[PDB]
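**Q** This is the structure I have questions about; it appears just below.
Number of protein chains: 2
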Amino acid sequence: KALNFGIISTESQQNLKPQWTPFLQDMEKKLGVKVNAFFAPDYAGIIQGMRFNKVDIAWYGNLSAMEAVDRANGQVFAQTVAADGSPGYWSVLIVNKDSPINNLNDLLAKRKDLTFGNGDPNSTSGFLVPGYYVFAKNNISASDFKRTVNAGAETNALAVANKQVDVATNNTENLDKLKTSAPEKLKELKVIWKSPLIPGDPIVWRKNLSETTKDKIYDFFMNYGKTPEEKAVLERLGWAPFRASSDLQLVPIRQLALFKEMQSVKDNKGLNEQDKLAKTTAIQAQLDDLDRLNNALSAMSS
Amino acid sequence: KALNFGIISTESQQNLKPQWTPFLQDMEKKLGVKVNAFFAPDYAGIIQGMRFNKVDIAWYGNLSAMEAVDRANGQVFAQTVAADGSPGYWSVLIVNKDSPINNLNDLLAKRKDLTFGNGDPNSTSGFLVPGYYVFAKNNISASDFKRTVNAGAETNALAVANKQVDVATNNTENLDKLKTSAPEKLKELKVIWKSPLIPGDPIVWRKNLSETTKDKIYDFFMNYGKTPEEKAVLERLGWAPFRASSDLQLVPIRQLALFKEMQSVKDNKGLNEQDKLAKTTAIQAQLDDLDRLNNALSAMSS
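The listed protein sequences derive, respectively, from chains A and A'. A prime marks a further copy of an entry chain.
The authors' numbering numbers the first residue of the first sequence as 5 and each following residue consecutively.
The authors' numbering numbers the first residue of the second sequence as 5 and each following residue consecutively.
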C-alpha cells in the first residue's frame, strides 16, 4: 500500500525535491507506508492521475481542486495554511478613514457621485471576485461611477489612502504588505466590504480510497506541525499547519466559474434567446442556491 | 400562485389557527400571493404533501426535516430561533467546578475510577447524542465507569453540583433553566464537552419551486422580525427571527440516524457476519465522512 502525492512545479525540478522528501519521510513514518510523489507539469495530468488511482492525494488549487471533484473523485479534506499564518484572503472595498462611508449600502447609493478603483481586469481578487459579490449580485456596474479606473492593489490602496480616489477594491494580503510598505497610509484606509474568504490550496485525495487509509492520512495531516521539528518542516514549503476542509471550500470558486460562464452565454453569439433564457436562468439557479449557502455558512456566526 | 405551509398540531385545532393567520397575512402581503396552510396530523402526511407539490413549504423537525430532503424535494433554507433567543442546544458533560477535570481527555482516562450520570436511555440530548459523539466515537462505554446511573438533566446537573456524582451528561437548555431554578448550584457546575449544536426546527420548501418564488419566500423569512410589529408576531409562535440555513443543518441528526442504524445491524439476528462487515463498515464510512465535515465546519472558526 504505497502512496502518491501530487505537486506540479513552477518551482521546477531543481527547486523541488529537497523541500519535500522530508514531508514524505514523516508521511511514510506515521503512515508507515511508502510515499512517493508525482511531480508534474500541470494539474491536467495530475487530476488525470487521480482519475486512474495512479495518484492518491495531492495539493491542488481550488480551480484544479474543483475539477478534481468534478472528474476524478475529489474530496477536499484539508486546506493549506500560510506559514505567516493562513488562510487565503478576502477581497475588499476600501474608502479613506476620514470618509463618511461604512456600508456597501452607503457606497451603492453615493456611486454616480463617486470615483472608483478597479483591479486588473485579469485579476480574480481585485476585479472578478468583487465583480460578482459586489456588482453582479446587485445588478450594477463599474459603469456607474462618475469615472472608474483600473490599477494594482498597491496603487489602489495608496490611491485611496491619498484621497486621489473615493473607493477602490483590494485584497487583505496587500493590506498586509502595507503594514510594512506604508503602515501609516494603511492606517488611513477603511474596509467597508469583505468577500467570502477566498481560501488556500487544499489537499484532495480520491474518495475511492479506504476507510482505514483515509483515517491515517487525515490524522497525519490534521496533526502534523505540533512539533518544533514538524513545525519547521512545513515552513520549508511556506506553510503553517493545515486547516480541516471540505468541498464547501470552493463555493467561492464555484460561483466564479459559473458567473464567468453565465457572462459568456449572455455573449454567446450563435445562440437564440429562447435557448439562452433557459441556460442563463439555470446558472442563476445555481448561484442563488450557492448564495444561500454562503449565508447559511456565515450564519453559523458563531 | 397560491401558497401552502405545513404545521402539524399537537397544539391541536383550538390552540392553532389564531397564532398563525397573522404570519400568513404578512406572508400573503410581502409575497402578495395567497398563503393557505396545511394543518396536519403528523409529518408523514406533510412530507407526502411536498412529495406532491400540494404543499410548498413547512416547519419540519430535523428528523422529519431530513426525510423531506430524502423523499420529497427538501431544501432547508431557514432555522427557527427561540423567542428567548435561539437556537437549538448543545449536549454536554459536566463536572463540579472544584474538580480538577477540564478535558474530555482528562475524563476519558480517569473513568474506571469515576461515577457517571447518564440520561433517559430514551433521550437524544442526555443519552444518545453524547452516546455517539462522546462514546461511540471513542469506542468506549457507559460500562466503563466505576458505577453509572441514569436520570434526568435537572437531577443530574444537581447531582454533580452537589458532588453526589463525579460527571454527568446534560443539555444547555436545562443549564438555562437553572439560572432560575438553582442559579447558585449551576454556579458550581463546569462544562467540559460540548456536542455539535443540535439546532432548531427548520423551514423546508420543495426544490422544485421557481427561482423567483424562492427568492421572495427566502427574503420574507430572512427579513421578517425587524419590526416591533413583526417582532411581536413571531413571539406568539414562541419565536425570535430566523437563522439562514441549509441541509448542513441536520448533519448531527444524520449521524444519529446512522449510529442507531449501525447499532441495529450489529444486533441484526438473521444476518451473517460476512454480510454484516459490509454494511457496518459502510455506515462508518458515512459517519467518518460526516465527522470530517463537522470538523471542517467547526474549523471555519472564525
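In this text, a Cβ means the ideal position worked out from N, Cα and C, and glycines have one as well.
Return the CA-CA distance between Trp197 (chain A) and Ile98 (chain A), expressed in angstroms with no decimal places.
**A** The count along the first sequence starts at 1 and reaches residue 197 (chain A) at position 193. The count along the first sequence starts at 1 and reaches residue 98 (chain A) at position 94. Approximately 7 angstroms, taken between the alpha carbons.
**Q** Specify the secondary structure class of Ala186 (chain A') as computed by DSSP and reduced to three states.
**A** Taking the first residue of the second sequence as 1, we reach residue 186 (chain A') at position 182. Residue state, collapsed to three classes: coil.
**Q** Exposed or buried, which one is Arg151 (chain A) when buried takes at least 16 other CB atoms within 10 Å?
**A** Working through the first sequence from its first residue, we reach residue 151 (chain A) at position 147. Under this definition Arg151 (chain A) is an exposed residue.
**Q** Could you give the DSSP three-state label for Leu241 (chain A): helix, strand or coil?
**A** Numbered from 1 along the first sequence, position 237 holds the residue referred to as residue 241 (chain A). Note: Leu241 (chain A) maps to coil in three-state DSSP.
**Q** Chain A partners of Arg210 (chain A'), CB-CB under 8 angstroms?
**A** As a position in the second sequence, residue 210 (chain A') is number 206, starting the count at 1. Those within 8 angstroms of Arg210 (chain A') in chain A number zero; the least Cβ separation is about 14 angstroms.
**Q** Return helix, strand or coil for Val133 (chain A'), following the three-state DSSP convention.
**A** Within the second sequence, residue 133 (chain A') is the residue found at index 129, counting from 1. In the structure shown, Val133 (chain A') sits in a helix (DSSP, three-state: H, G or I).
**Q** Measure from the alpha carbon of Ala48 (chain A') to the alpha carbon of each residue in A':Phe27, A':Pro187, A':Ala72, then state which is nearest.
**A** Position 44 of the second sequence, counting from 1, holds the residue named residue 48 (chain A'). The option with the nearest alpha carbon to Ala48 (chain A') is A':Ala72.
**Q** Just the C-alpha distance for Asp271 (chain A') and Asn174 (chain A'), rounded to the nearest angstrom, thanks.
**A** Within the second sequence, numbered from 1, the residue matching residue 271 (chain A') stands at position 267. Within the second sequence, numbered from 1, the residue matching residue 174 (chain A') stands at position 170. Rounded to whole angstroms, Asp271 (chain A') to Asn174 (chain A') spans 28 angstroms at the Cα level.
**Q** Buried or exposed: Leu182 (chain A), going by 16 or more other Cβ atoms within 10 Å of its Cβ?
**A** One-based indexing of the first sequence puts residue 182 (chain A) at position 178. Buried, by the Cβ-count rule.
**Q** Under 7 angstroms Cβ to Cβ from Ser250 (chain A), same chain only, skipping five residues before and after it: list those, please.
**A** As a working note, residue 250 (chain A) is residue 246 in the first sequence. Answer for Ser250 (chain A): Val80, listed in chain order.
**Q** Can you confirm whether the stretch 223–233 of chain A' touches the stretch 88–98 of chain A' when touching is taken to mean that 3 or more C-beta pairs between the two stretches lie within less than 8 angstroms?
**A** Output reads no: the stretch 223–233 of chain A' does not touch the stretch 88–98 of chain A'.
**Q** With a cut-off of 8 angstroms, do at least 3 Cβ pairs link the stretch 155–171 of chain A to the stretch 106–123 of chain A?
**A** Because the criterion of three Cβ pairs below 8 angstroms is met, the stretch 155–171 of chain A and the stretch 106–123 of chain A touch.
**Q** Could you tell me if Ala165 (chain A') is buried or exposed, where buried requires 16 or more neighbouring beta carbons within 10 angstroms of its beta carbon?
**A** The count along the second sequence starts at 1 and reaches residue 165 (chain A') at position 161. Looking at its Cβ environment, which holds 16 or more other Cβ atoms inside 10 Å, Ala165 (chain A') is buried.
**Q** On a Cα-Cα basis, can you pick out the residue from A:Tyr64, A:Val269, A:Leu254, A:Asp30 that is closest to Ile12 (chain A)?
**A** For the purposes of this step, residue 12 (chain A) is identified with residue 8 of the first sequence, where counting begins at 1. Among A:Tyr64, A:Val269, A:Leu254, A:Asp30, the Cα nearest to that of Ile12 (chain A) belongs to A:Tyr64.
**Q** Give the interface partners of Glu215 (chain A) over in chain A', defined as CB-CB distance under 8 angstroms, in chain order.
**A** Sequence index remark: in the first sequence, residue 215 (chain A) carries index 211 (1-based). Neighbours of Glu215 (chain A) on chain A', chain order: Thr285, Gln288, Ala289, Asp292.
**Q** Starting from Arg247 (chain A), find everything on chain A' with Cβ-Cβ shorter than 7 angstroms and list it in chain order.
**A** Residue 247 (chain A) sits at position 243 when you count from the first residue of the first sequence. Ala303, listed in chain order.
**Q** Check whether the stretch 197–215 of chain A touches the stretch 52–71 of chain A, taking contact to mean three or more Cβ pairs, one atom from each stretch, closer than 8 angstroms.
**A** Contact between the stretch 197–215 of chain A and the stretch 52–71 of chain A is present, because at least three Cβ pairs lie under 8 angstroms.
**Q** Pick out whichever of A:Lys5, A:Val269, A:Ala161 has its Cα sitting closest to the Cα of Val96 (chain A).
**A** Here residue 96 (chain A) is taken as the residue at index 92 of the first sequence, counted from 1. Closest option to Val96 (chain A), Cα to Cα, is A:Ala161.
**Q** Once the 5 residues before and after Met266 (chain A') are set aside, which same chain residues still bring their CB inside 6 angstroms of it?
**A** Here residue 266 (chain A') refers to the residue found at position 262 of the second sequence. Excluding residues within five positions, the ones whose Cβ falls inside 6 angstroms are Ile287.
**Q** For residue 1 (chain A), which residues of its own chain have a beta-carbon under 8 angstroms away from its beta-carbon, when the five flanking residues on both sides are left out?
**A** The structure shown does not extend to residue 1 (chain A), since chain A spans only 5 to 306, so no value can be given for it.
**Q** Where does the unbroken alpha helix (DSSP H) through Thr285 (chain A') begin, and where does it stop?
**A** Along the second sequence, one-based indexing puts residue 285 (chain A') at 281. Here the alpha helix (DSSP H) through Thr285 (chain A') covers 277–303.
**Q** Give, in chain order, every residue of the stretch 74–92 of chain A' whose Cβ lies closer than 7 angstroms to some Cβ of chain A.
**A** Cβ contacts with chain A come from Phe81.
**Q** For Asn8 (chain A), I'd like the list of residues in its chain whose CB is within less than 6 angstroms of its CB, leaving aside the five on either flank, ordered along the chain.
**A** Sequence index remark: in the first sequence, residue 8 (chain A) carries index 4 (1-based). Once the five neighbours on either side are set aside, the close Cβ partners of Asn8 (chain A) are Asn40, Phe42, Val59, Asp60.
**Q** Using only the alpha-carbon positions, how far apart do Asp148 (chain A) and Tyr136 (chain A) sit?
**A** Here residue 148 (chain A) refers to the residue found at position 144 of the first sequence. Here residue 136 (chain A) refers to the residue found at position 132 of the first sequence. Cα-Cα distance, rounded: 15 angstroms.
**Q** Which full runs of the alpha helix (DSSP H) of 4+ residues lie inside the stretch 191–244 of chain A', going along the chain?
**A** With a minimum length of 4 residues, the continuous alpha helix (DSSP H) runs that stay inside the stretch 191–244 of chain A' are 215–227, 232–239.
**Q** Just the C-alpha distance for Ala186 (chain A') and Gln29 (chain A'), rounded to the nearest angstrom, thanks.
**A** Sequence index remark: in the second sequence, residue 186 (chain A') carries index 182 (1-based). Sequence index remark: in the second sequence, residue 29 (chain A') carries index 25 (1-based). Between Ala186 (chain A') and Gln29 (chain A'), the C-alpha separation is close to 42 angstroms.
**Q** Between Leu294 (chain A') and the rest of its own chain, which residues show a CB-CB distance below 7 angstroms, the 5 nearest in sequence each way excluded?
**A** Your numbering for residue 294 (chain A') matches position 290 in the second sequence. Hits under 7 angstroms: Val255, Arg258, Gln259.
**Q** With DSSP run on the structure shown, which of helix, strand or coil describes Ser95 (chain A')?
**A** As a first step, residue 95 (chain A') is located in the second sequence; it is residue number 91 there, counting from the start. Note: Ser95 (chain A') maps to strand in three-state DSSP.
**Q** Note down, in chain order, all residues in the stretch 137–160 of chain A' with a beta-carbon under 8 angstroms from any beta-carbon belonging to chain A.
**A** Listed by position along the chain: nothing, the set is empty.
**Q** For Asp46 (chain A'), which residues from the same chain have a beta carbon less than 8 angstroms from its beta carbon, with the 5 sequence-adjacent residues on both sides left out?
**A** Position 42 of the second sequence, counting from 1, holds the residue named residue 46 (chain A'). Within the same chain, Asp46 (chain A') has close Cβ partners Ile12.
**Q** According to DSSP, is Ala87 (chain A) helix, strand or coil?
**A** Sequence index remark: in the first sequence, residue 87 (chain A) carries index 83 (1-based). Coil, per DSSP.
**Q** Under 8 angstroms Cβ-Cβ, which residues of chain A' neighbour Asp219 (chain A)?
**A** Walking along the first sequence from the start, residue 219 (chain A) turns up at place 215. Here the neighbours are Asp292.
**Q** Whose Cβ in chain A' lies nearer than 7 angstroms to the Cβ of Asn299 (chain A)?
**A** On the first sequence, position 295 is the one that residue 299 (chain A) refers to. Under the 7 angstroms cutoff, chain A' gives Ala248.
**Q** Pop quiz: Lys101 (chain A') and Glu192 (chain A') are said to be a contact at Cβ under 8 angstroms. What is the actual Cβ separation, rounded to whole angstroms?
**A** As a working note, residue 101 (chain A') is residue 97 in the second sequence. As a working note, residue 192 (chain A') is residue 188 in the second sequence. Right, their Cβ atoms sit about 5 angstroms apart.
**Q** Out of curiosity, what's the CA-to-CA distance linking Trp24 (chain A) and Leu213 (chain A)?
**A** Locating residue 24 (chain A) in the first sequence gives position 20, where the first residue counts as 1. Locating residue 213 (chain A) in the first sequence gives position 209, where the first residue counts as 1. If you take the alpha carbons of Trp24 (chain A) and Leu213 (chain A), they lie about 23 angstroms apart.
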